[PDB]
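Next up: a single chain in structure tokens, the form deposited in one PDB entry.
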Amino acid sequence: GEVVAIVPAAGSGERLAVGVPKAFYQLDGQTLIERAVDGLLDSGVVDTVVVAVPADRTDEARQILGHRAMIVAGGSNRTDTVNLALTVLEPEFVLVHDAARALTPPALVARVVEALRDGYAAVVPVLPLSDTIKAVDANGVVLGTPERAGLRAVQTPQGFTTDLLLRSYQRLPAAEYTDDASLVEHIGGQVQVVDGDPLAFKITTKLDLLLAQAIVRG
């Protein structure tokens, strides 16, 4: 069975705010997108990579990546982007992996694929939450504190049988998903977790960038 990894890299980088769309920021001489793609390939369990980038950077993305990946244009939000990439299509398994998780260890990638090959139809890597999490309303008032031990922070790559992912993305007009496993949960698919990895952290803030720099220079 073949495994295709889709890499959403079409965001604007508006929150990190380092003056360029995040995927194209050069971390110690390599863009996040190149690093993320290399990690997927180094896992030894990914056969094809499809990267989705801002429409005005498709040429740039090919210049960077060469034959490491197929390049397509992404969309106005992460969900839209994944949907466009999915259009490219049939492999047995599909991974969806944030370019922003550029330092993900290849072994995590392999761990996700192994769980798919173990027969889990949908797989996400998770970590325990360091912070207490609270539900908060629009006025800054706390609604309550869900039990932390019952919650997990979820990373990527998220892995799926291709059939299930396709059906999930095909199927709430006013939602609204922050990851891919959400669509699978929505249509009733069972999602299994595996242990994530601190190194698969998402480069989100300038502190995350500081840490990524310390890791790669270290």
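Whichever C-alpha set is largest while still superposing within 1.5 Å between the two forms counts as the rigid core. A residue's number is simply how far along the shown sequence it sits, counting from 1.
The form deposited in another entry exists for this protein as well; it is not shown, and the discussion that follows is about that form.
Residue displacement note: residue 118 has its CA displaced by under 2 Å between the shown form and the other one (rigid core superposed). In this overlay on the rigid core, residue 145 has a C-alpha that sits less than 2 Å away from its partner position between the shown form and the other one. If you fit the rigid core between the shown form and the other one, you'll see the Cα of residue 84 move by 2 angstroms or more.
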